[PDB]
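Read the structure below first, then the notes.
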Amino acid sequence: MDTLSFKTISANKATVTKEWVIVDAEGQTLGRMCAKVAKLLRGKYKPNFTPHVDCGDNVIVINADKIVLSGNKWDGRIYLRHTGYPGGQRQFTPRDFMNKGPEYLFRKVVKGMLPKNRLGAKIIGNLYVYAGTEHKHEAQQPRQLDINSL
Amino acid sequence: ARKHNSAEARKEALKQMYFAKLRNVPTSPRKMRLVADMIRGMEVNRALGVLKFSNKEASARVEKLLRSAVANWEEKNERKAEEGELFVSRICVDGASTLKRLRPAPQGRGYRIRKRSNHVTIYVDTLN
Amino acid sequence: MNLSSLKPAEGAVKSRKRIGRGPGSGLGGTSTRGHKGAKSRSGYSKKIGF
Amino acid sequence: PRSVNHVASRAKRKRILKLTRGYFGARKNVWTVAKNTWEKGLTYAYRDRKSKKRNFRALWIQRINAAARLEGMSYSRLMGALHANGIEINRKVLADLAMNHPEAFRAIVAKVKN
Amino acid sequence: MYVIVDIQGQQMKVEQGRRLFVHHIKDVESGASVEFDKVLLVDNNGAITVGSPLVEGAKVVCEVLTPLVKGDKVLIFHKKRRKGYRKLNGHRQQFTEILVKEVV
RNA sequence: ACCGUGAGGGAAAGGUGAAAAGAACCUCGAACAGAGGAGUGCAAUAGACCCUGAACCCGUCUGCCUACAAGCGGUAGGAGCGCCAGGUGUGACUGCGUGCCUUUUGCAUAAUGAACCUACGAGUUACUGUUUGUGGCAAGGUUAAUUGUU
RNA sequence: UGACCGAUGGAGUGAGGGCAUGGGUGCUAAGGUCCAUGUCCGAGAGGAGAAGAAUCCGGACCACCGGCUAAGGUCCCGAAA
RNA sequence: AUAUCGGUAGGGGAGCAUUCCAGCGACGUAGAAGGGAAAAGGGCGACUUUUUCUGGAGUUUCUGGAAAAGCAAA
Ligand SMILES: [K+]
Ligand SMILES: [K+]
Ligand SMILES: [K+]
Ligand SMILES: [K+]
Ligand SMILES: [K+]
Ligand SMILES: [K+]
Ligand SMILES: [K+]
Ligand SMILES: [Mg+2]
Ligand SMILES: [Mg+2]
Ligand SMILES: [Mg+2]
Ligand SMILES: [Mg+2]
Ligand SMILES: [Mg+2]
Ligand SMILES: [Mg+2]
Ligand SMILES: [Mg+2]
Ligand SMILES: [Mg+2]
Ligand SMILES: [Mg+2]
Ligand SMILES: [Mg+2]
Ligand SMILES: [Mg+2]
Ligand SMILES: [Mg+2]
Ligand SMILES: [Mg+2]
Ligand SMILES: [Mg+2]
Ligand SMILES: [Mg+2]
Ligand SMILES: [Mg+2]
Ligand SMILES: [Mg+2]
Ligand SMILES: [Mg+2]
Ligand SMILES: [Mg+2]
Ligand SMILES: [Mg+2]
Ligand SMILES: [Mg+2]
Ligand SMILES: [Mg+2]
Ligand SMILES: [Mg+2]
Ligand SMILES: [Mg+2]
Ligand SMILES: [Mg+2]
Ligand SMILES: [Mg+2]
Ligand SMILES: [Mg+2]
Ligand SMILES: [Mg+2]
Ligand SMILES: [Mg+2]
Ligand SMILES: [Mg+2]
Ligand SMILES: [Mg+2]
Ligand SMILES: [Mg+2]
Ligand SMILES: [Mg+2]
Ligand SMILES: [Mg+2]
Ligand SMILES: [Mg+2]
Ligand SMILES: [Mg+2]
Ligand code: NA
């Protein structure tokens with residue numbers, strides 16, 4: 001039987017407050033912007049944050065190609081991967097990711113600041129990265145947000 | 001009087017169940033279960049055809065069991081079943097007692113051989 | 001008193017020690033013998049004067 | 001006389017097997033596997049009763065941080081102001097107000113935001 | 001109207017007629033009137049007061065419904081593997097149930 | 001019984017019911033192979049292996065979950081769904097977590113050990129010393145073998 | 001503080017190990033080996049160091065959805081600038 | 001009142017269950033023991049009570065007594 005009578009309430013699928021926000025990447029640093037984006041996606045800015053529920057915001061990033069990498073990171077940061085075959089290690093750069101597309105670079109950075117579980121694998125799908133300032137997300141009425149305020 | 005009352009209740013319940021049983025069939029229960037799973041839920045006449053033409057040995061005994069279950073339905077309802085009116089509503093295969101034998105192996109060793117048996121129960125009911 | 005309410009004097013009787021009957025008793029496992037050596041074996045006795 | 005405690009011996013196992021219900025595979029009903037699983041769970045439960053307080057305090061602190069950043073302050077600054085002004089409302093109450101009574105949380109923040 | 005007040009060293013949010021469980025209060029009877037005057041916050045349907053040295057004049061009067069409510073049993077298990085050490089005890093926490101009559 | 005040329009070694013295996021009243025007859029089926037009835041009986045889920053009828057192990061039905069997911073399989077949180085009025089089944093998702101015994105300075109150890117369940121399985125008794133708890137008598141204490149009356 | 005000492009009943013142990021300091025030996029090698037003085041593991045859980053027997057902090061009667069700190073920390077995984 | 005309460009080898013203290021016995025109380029074909037399910041309880045625990053289904057003939061409380069007196073691994 002329950003002798004507590006004063007509990008903390010967890011949010012659930014029917015009680016979360018999910019919103020669409022738009023942030024800009026005009027001159028921000030890649031890691032410093034992506035940490036704030038990870039906090040937005042996880043829902044650390046909501047007073048009803050619940051670590052076992054998708055309670056964050058759907059984030060649209062515009063002007064993704066204007067992001068800034070300081071130092072020699074654009075070609076001096078060596079990402080390594082493996083194909084699974086002998087002699088199968090490969091190298092690539094943030095420049096290679098940017099050439100492929102800005103969404104791939106942003107997804108790679110944000111996955112790594114997100115939790116490593118099923119919930120984080122679900123959360124990463126709430127992020128939308130676009131190269132220019134033109135995107136098509138009507139019927140949801142996204143709200144502009146100043147990322148420098150956060 | 002308690003056992004008499006319980007027995008009367010069970011006997012009254014039995015009057016509305018239409019079933020037949022095959023007990024101590026000297027044959028692998030795992031092999032009989034394939035045929036049982038094949039015919040579970042079928043209309044009775046289609047199931048009879050399937051059992052008649054199946055390529056498994058156990059279907060010959062299952063066919064006789066299903067015929068007996070249909071006859072029990074007819075006796076307990078005091079009429080005859082129309083075409084396409086009955087279906088196999090329940091069927092299970094259970095393991096029974098095992099005969100144990102010994103088969104000689106090389107260099108003097110001896111191994112056990114298990115000859116298994118099974119029970120089968122069939123219910124029939126109307127397609128309601 | 002009578003035969004149905006017999007009572008010995010306080011402290012006159014005492015339960016015996018039983019070893020090797022589990023961890024809660026504090027006397028299980030090695031059963032007060034320690035681990036190895038001659039003194040832990042069945043049939044050990046002391047040679048008097050040795 | 002000869003004493004064998006068959007019924008007591010069996011009842012002791014059956015009581016624990018009643019508690020191992022819901023486990024996976026042999027761990028639910030096979031006696032030497034089920035008993036082994038049950039005690040490890042009891043050690044886990046002892047540790048988890050201690051770690052539960054840490055987890056709930058962390059949850060309260062995160063919720064308070066979110067509400068304070070809505071109000072324009074950080075958690076550390078808000079707690080420093082609260083302790084300087086000497087109000088004794090604990091983190092559980094503050095987090096409950098933050099999630100369910102935002103006007104009361106705003107009142108707390110405005111009292112110490114001087 | 002709700003107040004934040006502590007009862008037996010734990011802060012609770014309480015309204016009128018609530019039926020709380022609190023830590024055991026010794027030497028009480030059914031129907032006895034208990035008093036708790038250490039309110040930290042008062043929220044009167046819109047007007048909120050916060051007390052540093054508590055809220056002056058605030059007060060919660062309760063009546064005891066059950067003087068001894070025992071919680072669910074908890075198994076306390078200690079074990080150190082490969083050492084033979086093992087003990088298993090039982091614990092039940094003790095509460096009293098009160099009903100809040102007036103919230104000043 | 002079985003095993004051994006032989007001397008010799010050496011098992012397993014009790015229980016229907018008060019009373020055989022131990023199931024005439026009918027149905028399916030080549031057949032009691034088996035079953036469904038009828039009948040006997042307090043009871044046949046007491047039907048011949050028959051009192052009771054546990055576990056490991058094997059099935060069917062019903063409820064919930066499950067085909068993007070990764071480690072001792074639990075533990076602490078926690079939506080939804082489903083049953084019988086505050087209890088109960090399941091459990092999306094989250095945190096923490098390298099079984100147990102023994103042996104060791106030290107074992108997740110790739111050191112030892114166990115297929116699983118039920119049953120069996122290991123500080124006992126006698127005598128003589130000694131210490132102590134409790135008692136009876138007390139400058140004394142106590143009988144042994146044995147003998148009488150019952 | 002309280003357990004120092006006497007007398008008596010019951011023992012177990014007599015394979016140790018790491019670190020720091022003073023040394024011998026070795027090659028001013030060894031997670032080496034032999035002594036001395038402390039300490040910890042042994043027989044000790046909890047916190048930080050990604051994950052570590054003895055390095056840093058700290059000795060677990062039980063419960064609690066309360067508060068303060070130690071070492072070490074406060075961009076995200078991960079609590080706090 | 002204050003203090004204390006991590007523990008291997010090991011020392012000490014206090015108890016539960018089992019089989020049988022004496023004394024005193026009881027229960028049972030209007031349902032004993034055993035088996036299945038559910039619920040409650042104990043400074044703490046070994047364990048103990050209650051309801052119901054199966055079962056169809058024995059069982060049990062308190063005090064004291066005696067032991068073929070408790071298994072997870074050989
Ligand atoms: K019978
Ligand atoms: K009988
Ligand atoms: K059975
Ligand atoms: K789990
Ligand atoms: K080996
Ligand atoms: K490191
Ligand atoms: K943080
Ligand atoms: Mg055969
Ligand atoms: Mg054929
Ligand atoms: Mg030959
Ligand atoms: Mg010991
Ligand atoms: Mg042992
Ligand atoms: Mg040994
Ligand atoms: Mg040795
Ligand atoms: Mg020794
Ligand atoms: Mg020998
Ligand atoms: Mg075993
Ligand atoms: Mg024939
Ligand atoms: Mg029966
Ligand atoms: Mg029987
Ligand atoms: Mg994927
Ligand atoms: Mg899926
Ligand atoms: Mg070695
Ligand atoms: Mg280890
Ligand atoms: Mg060996
Ligand atoms: Mg092995
Ligand atoms: Mg092993
Ligand atoms: Mg075994
Ligand atoms: Mg020596
Ligand atoms: Mg030595
Ligand atoms: Mg060395
Ligand atoms: Mg050295
Ligand atoms: Mg040792
Ligand atoms: Mg130590
Ligand atoms: Mg540590
Ligand atoms: Mg602080
Ligand atoms: Mg302590
Ligand atoms: Mg102790
Ligand atoms: Mg009855
Ligand atoms: Mg008896
Ligand atoms: Mg007794
Ligand atoms: Mg024995
Ligand atoms: Mg046993
Ligand atoms: Na003792």
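Letters A, B, ... mark the chains of the structure tokens in the order given; residue numbers begin at 1 per chain; ligand numbers begin at 1, in order shown.
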
How close does chain G get to ligand 11? List, as a Markdown table, each residue of chain G within 12 Å, its nearest atom pair and the distance in Å to one decimal, counting only C-alpha atoms (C1' of nucleotides) and all ligand atoms.
| residue | atom | partner | partner_atom_place_in_ligand_line | distance |
| --- | --- | --- | --- | --- |
| G:11 | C1' | ligand 11 | 1 (Mg) | 11.6 |
| G:12 | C1' | ligand 11 | 1 (Mg) | 10.4 |
| G:43 | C1' | ligand 11 | 1 (Mg) | 10.9 |

Same residues, N, CA and C atoms (P, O5', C5', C4', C3', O3' and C1' of nucleotides), saved as a PDB file, in the first residue's frame:
ATOM      1  P     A G  11      39.574 -26.180  22.218  1.00  0.00           P
ATOM      2  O5'   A G  11      40.303 -25.519  20.968  1.00  0.00           O
ATOM      3  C5'   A G  11      40.899 -24.234  21.034  1.00  0.00           C
ATOM      4  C4'   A G  11      40.215 -23.281  20.090  1.00  0.00           C
ATOM      5  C3'   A G  11      40.898 -23.037  18.755  1.00  0.00           C
ATOM      6  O3'   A G  11      40.624 -24.053  17.804  1.00  0.00           O
ATOM      7  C1'   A G  11      40.210 -20.975  19.703  1.00  0.00           C
ATOM      8  P     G G  12      41.758 -24.568  16.790  1.00  0.00           P
ATOM      9  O5'   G G  12      41.937 -23.389  15.735  1.00  0.00           O
ATOM     10  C5'   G G  12      40.982 -23.130  14.715  1.00  0.00           C
ATOM     11  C4'   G G  12      41.171 -21.743  14.157  1.00  0.00           C
ATOM     12  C3'   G G  12      42.474 -21.496  13.402  1.00  0.00           C
ATOM     13  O3'   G G  12      42.371 -21.837  12.029  1.00  0.00           O
ATOM     14  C1'   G G  12      42.160 -19.802  15.025  1.00  0.00           C
ATOM     15  P     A G  43      39.842 -12.701   3.349  1.00  0.00           P
ATOM     16  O5'   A G  43      38.758 -11.558   3.527  1.00  0.00           O
ATOM     17  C5'   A G  43      37.530 -11.810   4.189  1.00  0.00           C
ATOM     18  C4'   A G  43      37.182 -10.711   5.157  1.00  0.00           C
ATOM     19  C3'   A G  43      37.358  -9.288   4.636  1.00  0.00           C
ATOM     20  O3'   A G  43      36.273  -8.488   5.101  1.00  0.00           O
ATOM     21  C1'   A G  43      38.600  -9.572   6.629  1.00  0.00           C
TER      22        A G  43
END

Residues contacting ligand 14 - anything with an atom at most 8 Å away, using only C-alpha atoms (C1' of nucleotides) and all ligand atoms - can you give me those as a list in words?
residues 35, 36 and 37 of chain C; 15 of chain G

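Using only C-alpha atoms (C1' of nucleotides) and all ligand atoms, residues with at least one atom at most 9 Å away from any atom of ligand 25 are residues 103, 111 and 112 of chain F.
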
Which chains and residue numbers are within 10 Å of ligand 4, counting only C-alpha atoms (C1' of nucleotides) and all ligand atoms, if I want them as a PDB file with C-alpha atoms (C1' of nucleotides), in the first residue's frame?
ATOM      1  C1'   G F  73      18.754 -11.701 -17.608  1.00  0.00           C
ATOM      2  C1'   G F  74      17.819  -8.996 -12.359  1.00  0.00           C
ATOM      3  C1'   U F  75      16.946  -4.539  -9.541  1.00  0.00           C
TER       4        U F  75
END

Protein and nucleic residues near ligand 38, 12 Å, only C-alpha atoms (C1' of nucleotides) and all ligand atoms, as a list in words
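Using only C-alpha atoms (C1' of nucleotides) and all ligand atoms, I find these residues within 12 Å of ligand 38: residues 78, 85, 86 and 87 of chain E; 60 and 61 of chain G; 4, 5, 6 and 7 of chain H.
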
Residues within 10 Å of ligand 32, counting only C-alpha atoms (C1' of nucleotides) and all ligand atoms, as a PyMOL selection string
chain G and resi 29-33

If you run DSSP over the backbone, which residues in stretch 5-37 of chain E end up strand (DSSP E)? Put them as a PyMOL selection string.
chain E and resi 5-6+11-14+20-23+33-36

Show me which residues sit within 12 Å of ligand 21 when counting only C-alpha atoms (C1' of nucleotides) and all ligand atoms, and put them as a PDB file with N, CA and C atoms (P, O5', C5', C4', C3', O3' and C1' of nucleotides), in the first residue's frame.
ATOM      1  N   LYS A 111      24.586  13.298 -32.827  1.00  0.00           N
ATOM      2  CA  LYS A 111      24.681  11.922 -32.357  1.00  0.00           C
ATOM      3  C   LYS A 111      26.096  11.714 -31.841  1.00  0.00           C
ATOM      4  N   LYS A 116      23.121   7.327 -25.660  1.00  0.00           N
ATOM      5  CA  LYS A 116      23.386   6.151 -26.488  1.00  0.00           C
ATOM      6  C   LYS A 116      22.423   5.027 -26.106  1.00  0.00           C
ATOM      7  N   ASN A 117      21.177   5.159 -26.552  1.00  0.00           N
ATOM      8  CA  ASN A 117      20.158   4.158 -26.271  1.00  0.00           C
ATOM      9  C   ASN A 117      19.029   4.297 -27.291  1.00  0.00           C
ATOM     10  N   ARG A 118      17.949   3.540 -27.065  1.00  0.00           N
ATOM     11  CA  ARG A 118      16.799   3.574 -27.962  1.00  0.00           C
ATOM     12  C   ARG A 118      16.154   4.950 -27.984  1.00  0.00           C
ATOM     13  N   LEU A 119      16.046   5.588 -26.816  1.00  0.00           N
ATOM     14  CA  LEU A 119      15.435   6.908 -26.756  1.00  0.00           C
ATOM     15  C   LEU A 119      16.238   7.923 -27.554  1.00  0.00           C
ATOM     16  N   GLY A 120      17.567   7.895 -27.443  1.00  0.00           N
ATOM     17  CA  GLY A 120      18.383   8.813 -28.225  1.00  0.00           C
ATOM     18  C   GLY A 120      18.316   8.536 -29.715  1.00  0.00           C
ATOM     19  N   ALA A 121      18.270   7.252 -30.088  1.00  0.00           N
ATOM     20  CA  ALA A 121      18.070   6.900 -31.490  1.00  0.00           C
ATOM     21  C   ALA A 121      16.736   7.419 -32.012  1.00  0.00           C
ATOM     22  N   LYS A 122      15.719   7.478 -31.155  1.00  0.00           N
ATOM     23  CA  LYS A 122      14.450   8.088 -31.549  1.00  0.00           C
ATOM     24  C   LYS A 122      14.538   9.612 -31.588  1.00  0.00           C
ATOM     25  N   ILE A 123      15.307  10.205 -30.673  1.00  0.00           N
ATOM     26  CA  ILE A 123      15.380  11.660 -30.558  1.00  0.00           C
ATOM     27  C   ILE A 123      16.062  12.265 -31.776  1.00  0.00           C
ATOM     28  N   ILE A 124      17.106  11.606 -32.288  1.00  0.00           N
ATOM     29  CA  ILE A 124      17.869  12.179 -33.400  1.00  0.00           C
ATOM     30  C   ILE A 124      17.004  12.433 -34.635  1.00  0.00           C
ATOM     31  N   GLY A 125      15.864  11.762 -34.752  1.00  0.00           N
ATOM     32  CA  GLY A 125      14.948  12.004 -35.845  1.00  0.00           C
ATOM     33  C   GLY A 125      14.099  13.251 -35.733  1.00  0.00           C
TER      34      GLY A 125
ATOM     35  P     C F  68      11.739  -3.592 -35.952  1.00  0.00           P
ATOM     36  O5'   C F  68      13.186  -2.961 -35.783  1.00  0.00           O
ATOM     37  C5'   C F  68      14.066  -3.418 -34.761  1.00  0.00           C
ATOM     38  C4'   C F  68      15.057  -2.359 -34.344  1.00  0.00           C
ATOM     39  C3'   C F  68      14.509  -0.935 -34.273  1.00  0.00           C
ATOM     40  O3'   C F  68      15.164  -0.238 -33.216  1.00  0.00           O
ATOM     41  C1'   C F  68      16.312  -1.007 -35.786  1.00  0.00           C
ATOM     42  P     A F  69      14.473  -0.092 -31.776  1.00  0.00           P
ATOM     43  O5'   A F  69      14.880  -1.428 -31.015  1.00  0.00           O
ATOM     44  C5'   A F  69      16.183  -1.571 -30.480  1.00  0.00           C
ATOM     45  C4'   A F  69      16.603  -3.012 -30.392  1.00  0.00           C
ATOM     46  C3'   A F  69      18.059  -3.237 -30.032  1.00  0.00           C
ATOM     47  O3'   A F  69      18.284  -3.155 -28.638  1.00  0.00           O
ATOM     48  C1'   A F  69      17.470  -4.604 -31.874  1.00  0.00           C
TER      49        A F  69
END

Using only C-alpha atoms (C1' of nucleotides), determine which residues lie at most 7 Å from residue A:25, disregarding the query and same-chain residues fewer than 5 positions distant; provide the list as a ChimeraX atom specification.
/A:61-64,66-67

For the selection you just gave me, I'd like the residues written to a file as a short mmCIF file (atom, residue, chain, number, x, y, z; two decimals), in the first residue's frame, keeping N, CA, C and O atoms.
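See selection_1.cif below for the written result:
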data_model
loop_
_atom_site.label_atom_id
_atom_site.label_comp_id
_atom_site.auth_asym_id
_atom_site.auth_seq_id
_atom_site.Cartn_x
_atom_site.Cartn_y
_atom_site.Cartn_z
N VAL A 61 17.17 23.66 -38.23
CA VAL A 61 18.38 24.46 -38.31
C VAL A 61 18.48 25.03 -39.72
O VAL A 61 18.44 24.28 -40.70
N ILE A 62 18.60 26.35 -39.82
CA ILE A 62 18.75 27.01 -41.11
C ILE A 62 20.14 27.61 -41.20
O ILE A 62 20.81 27.85 -40.20
N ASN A 63 20.56 27.88 -42.44
CA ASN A 63 21.89 28.41 -42.75
C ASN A 63 22.99 27.48 -42.23
O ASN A 63 23.96 27.92 -41.60
N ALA A 64 22.84 26.19 -42.52
CA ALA A 64 23.77 25.20 -41.99
C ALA A 64 25.15 25.32 -42.61
O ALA A 64 26.15 25.00 -41.95
N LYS A 66 26.81 27.93 -43.26
CA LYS A 66 27.55 29.07 -42.75
C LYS A 66 28.22 28.79 -41.41
O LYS A 66 28.79 29.70 -40.81
N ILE A 67 28.15 27.54 -40.92
CA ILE A 67 28.75 27.21 -39.64
C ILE A 67 30.27 27.35 -39.71
O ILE A 67 30.89 27.27 -40.78
#

Residue list for chain E near chain F as a ChimeraX atom specification, 12 Å, only C-alpha atoms (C1' of nucleotides):
/E:80-84

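Closest approach to chain D among G:50, G:56, G:36, G:45: G:45, based on only C-alpha atoms (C1' of nucleotides).
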
Which of these, B:6, B:45, B:99, B:67, has the shortest distance to residue H:53 once you count only C-alpha atoms (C1' of nucleotides)?
B:6

Define the interface residues of chain F facing chain A as those within 9 Å, counting only C-alpha atoms (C1' of nucleotides), and report them as number ranges by chain.
F: 78-79, 93-94

Counting only C-alpha atoms (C1' of nucleotides) and all ligand atoms, what are the residues, protein, DNA or RNA alike, that approach ligand 41 to within 8 Å? I want them as a PDB file with N, CA, C and O atoms (P, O5', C5', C4', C3', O3' and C1' of nucleotides), in the first residue's frame.
ATOM      1  P     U H  63       5.192 -23.245  26.068  1.00  0.00           P
ATOM      2  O5'   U H  63       5.436 -24.211  27.311  1.00  0.00           O
ATOM      3  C5'   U H  63       5.312 -23.737  28.643  1.00  0.00           C
ATOM      4  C4'   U H  63       5.461 -24.850  29.651  1.00  0.00           C
ATOM      5  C3'   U H  63       6.701 -25.717  29.524  1.00  0.00           C
ATOM      6  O3'   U H  63       7.883 -25.122  30.025  1.00  0.00           O
ATOM      7  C1'   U H  63       4.827 -27.102  29.819  1.00  0.00           C
ATOM      8  P     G H  64       9.254 -25.280  29.206  1.00  0.00           P
ATOM      9  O5'   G H  64       9.749 -26.756  29.541  1.00  0.00           O
ATOM     10  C5'   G H  64      10.208 -27.098  30.839  1.00  0.00           C
ATOM     11  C4'   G H  64      10.030 -28.568  31.135  1.00  0.00           C
ATOM     12  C3'   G H  64      10.920 -29.538  30.380  1.00  0.00           C
ATOM     13  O3'   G H  64      12.245 -29.609  30.870  1.00  0.00           O
ATOM     14  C1'   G H  64       8.715 -30.344  30.355  1.00  0.00           C
ATOM     15  P     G H  65      13.450 -30.002  29.882  1.00  0.00           P
ATOM     16  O5'   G H  65      13.183 -31.525  29.509  1.00  0.00           O
ATOM     17  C5'   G H  65      13.294 -32.550  30.483  1.00  0.00           C
ATOM     18  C4'   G H  65      13.059 -33.912  29.885  1.00  0.00           C
ATOM     19  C3'   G H  65      13.983 -34.308  28.748  1.00  0.00           C
ATOM     20  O3'   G H  65      15.250 -34.748  29.193  1.00  0.00           O
ATOM     21  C1'   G H  65      11.759 -34.850  28.177  1.00  0.00           C
TER      22        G H  65
END

Report, in Å with one decimal, the straight-line distance from atom CA of residue B:80 to atom CA of residue B:38.
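These atoms are spaced 25.9 Å apart.
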